[PDB]
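*Asks:* Here it is: the structure, laid out below.
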Amino acid sequence: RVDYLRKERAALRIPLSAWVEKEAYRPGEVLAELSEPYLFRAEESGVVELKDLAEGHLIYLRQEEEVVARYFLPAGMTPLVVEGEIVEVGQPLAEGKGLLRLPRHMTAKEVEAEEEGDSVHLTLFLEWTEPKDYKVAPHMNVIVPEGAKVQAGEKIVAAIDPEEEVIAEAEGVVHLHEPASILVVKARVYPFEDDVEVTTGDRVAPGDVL
Numbered sequence: 212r213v214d215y216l217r218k219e220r221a222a223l224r225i226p227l228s229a230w231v232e233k234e235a236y237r238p239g240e241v242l243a244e245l246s247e248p249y250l251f252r253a254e255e256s257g258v259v260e261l262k263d264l265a266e267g268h269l270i271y272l273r274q275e276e277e278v279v280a281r282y283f284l285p286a287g288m289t290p291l292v293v294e295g296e297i298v299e300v301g302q303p304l305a306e307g308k309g310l311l312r313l314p315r316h317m318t319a320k321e322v323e324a325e326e327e328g329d330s331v332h333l334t335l336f337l338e339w340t341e342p343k344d345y346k347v348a349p350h351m352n353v354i355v356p357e358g359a360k361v362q363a364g365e366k367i368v369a370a371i372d373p374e375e376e377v378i379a380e381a382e383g384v385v386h387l388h389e390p391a392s393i394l395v396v397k398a399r400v401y402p403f404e405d406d407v408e409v410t411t412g413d414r415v416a417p418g419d420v421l
């Protein structure tokens, strides 16, 4: 198991009398408290992909292969289109019915927004969580500890074969599920930070420096 962190820049718009002004939004923070429903209007064209983030959704607009326009529709704003559709300038995307929160683990930190007389153009730095399971077959070796920070590119499972190798995606904490066996040792453990003066298998007593 490796729980990865995803970060996307995207856009949303709403009526001023519905927004609540802030700098960021916690894994649940109320974004908008809607009195009358809203139909988010498509402001560019292109082929659409949708993203399920548990409660809230994320749309991209693609043209050819390269992406063109990204849109954010929070929890409580259910979508009206599906993956594949071709959609035009002024078409409803989703409906903002009730209370617009941010999913129970998904966040939208440092957001830069601009005012537009009757509406707001918000753009939203979005963190979140999505894990991906990896097999460990007999002739293998996991090469970094569990509950451990990991970066974009550093090896995770070494092997004799390059296709068998495991390179990390992006920022994401590492885990590991169901072992083949459990080793259990009458051993006392001692975390350390820097230099050691003790080799493995050393005969060591109480009051002995490690």
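Under UniProt numbering, the first residue of the sequence shown is numbered 212, with each subsequent residue one higher. Virtual Cβ for every residue (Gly too), placed ideally from N, Cα, C.
Express the C-alpha separation of residue 366 and residue 229 in angstroms, rounding to a whole number.
*Replies:* Using only the alpha carbons, I get a separation of about 47 angstroms.
*Asks:* For the segment 257 to 264 against the segment 289 to 296, are there 3 or more C-beta pairs whose distance is under 8 angstroms?
*Replies:* Flag = yes, the segment 257 to 264 and the segment 289 to 296 touch.
*Asks:* Considering only C-alpha positions, which residue in the set 313, 255 and 338 is nearest to residue 216?
*Replies:* The candidate whose alpha carbon is nearest that of residue 216 is 338.
*Asks:* Curious, which full-length alpha helix (DSSP H) runs of at least 4 residues does the segment 262 to 341 contain?
*Replies:* Fully enclosed alpha helix (DSSP H) runs of 4 or longer: not present.
*Asks:* Give the straight-line distance between the Cα atoms of residue 214 and residue 343, rounded to the nearest whole angstrom.
*Replies:* The straight-line gap from Cα to Cα measures roughly 7 angstroms.
*Asks:* Counting along the chain, where does the beta strand (DSSP E) carrying residue 345 start and finish?
*Replies:* That residue, residue 345, is in no beta strand (DSSP E); it is neither H nor E in DSSP.
*Asks:* State the Cα-Cα distance for the pair residue 385 and residue 270, rounded to the nearest angstrom.
*Replies:* Distance between the alpha carbons of residue 385 and residue 270: 28 angstroms.
*Asks:* Just how far apart, CA to CA, sit residue 412 and residue 363?
*Replies:* Approximately 35 angstroms between the Cα atoms of the pair.
*Asks:* Can you check whether the CB of residue 314 is closer than 7 angstroms to the CB of residue 266?
*Replies:* Their beta carbons are under 7 angstroms apart, which means residue 266 touches residue 314 by this criterion.
*Asks:* Between the segment 346 to 358 and the segment 222 to 237, do three or more beta carbon pairs fall short of 8 angstroms?
*Replies:* The segment 346 to 358 is not in contact with the segment 222 to 237.
*Asks:* DSSP three-state call for residue 421: helix, strand or coil?
*Replies:* Coil, per DSSP.
*Asks:* Residue 227 by DSSP, collapsed to three states: which one?
*Replies:* Note: residue 227 maps to helix in three-state DSSP.
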